[PDB]
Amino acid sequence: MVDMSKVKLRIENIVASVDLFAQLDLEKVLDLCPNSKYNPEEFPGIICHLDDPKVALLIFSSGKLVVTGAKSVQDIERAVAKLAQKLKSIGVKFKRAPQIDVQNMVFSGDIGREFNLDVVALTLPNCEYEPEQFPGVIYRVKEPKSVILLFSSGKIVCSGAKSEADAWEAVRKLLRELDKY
């Protein structure tokens, strides 16, 4: 019943963990990535920034990676590709084809109307609202497990879902609760 005709979402960041299935000597790898930063002291992996797909990659000696910054699973598949490429190009052999897992997505969106957060926080379950520390209401959804930040302007940020289909389930739940009275 709650008119949701104005609610919309935009993907903003996709995070995936990748298993290349092959040990790696991070010092020998530092070259394969121009724009790179390494300090085992602070962080155990290589911080690499691809230019084509505008993604950041984290490479670990264990052969596993993290790809963040992506706007599509496609951009991630491509990033895992360029890297796998450059790897064989220095003597690396893979026991299997790369295993890619989307671990988290972040969406921004708009509900299309404004809210008085003090009133919303009075009845919205599973929420926090602490304007002395952060401006939005923090709404925690058990399933699909995610978090939605709701601002007075009606804009929202949804994090933790593993797909847009799931994020929309989270938003639909929020919309339904915002409708009780």
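In this text, residue numbers run from 1 along the sequence as written.
Look up the CA B-factors in the entry and say which stretch, 52-60 or 130-138, has the higher mean. Higher of the two, by average CA B-factor, is 52-60.
On average, which has the higher Cα B-factor in the deposited entry, 116-124 or 37-45? So the stretch with the higher mean C-alpha B-factor is 37-45.
Select one of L26, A70, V66, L149: the residue whose C-alpha shows the highest B-factor in the crystal structure entry. In this record, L26 carries the highest C-alpha B-factor of the candidates.
Sorting by Cα B-factor within the chain, modelled residues only, which third would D3 end up in: lowest, middle or highest? Highest third.
What third of its chain's C-alpha B-factors does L20 belong to: lowest, middle or highest? Highest third - that is where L20 ends up once the chain's C-alpha B-factors are sorted.
Would you check the entry's CA temperature factor for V106 and let me know if it's in the chain's lowest, middle or highest third? It belongs to the lowest third of the chain when residues are ordered by C-alpha B-factor.
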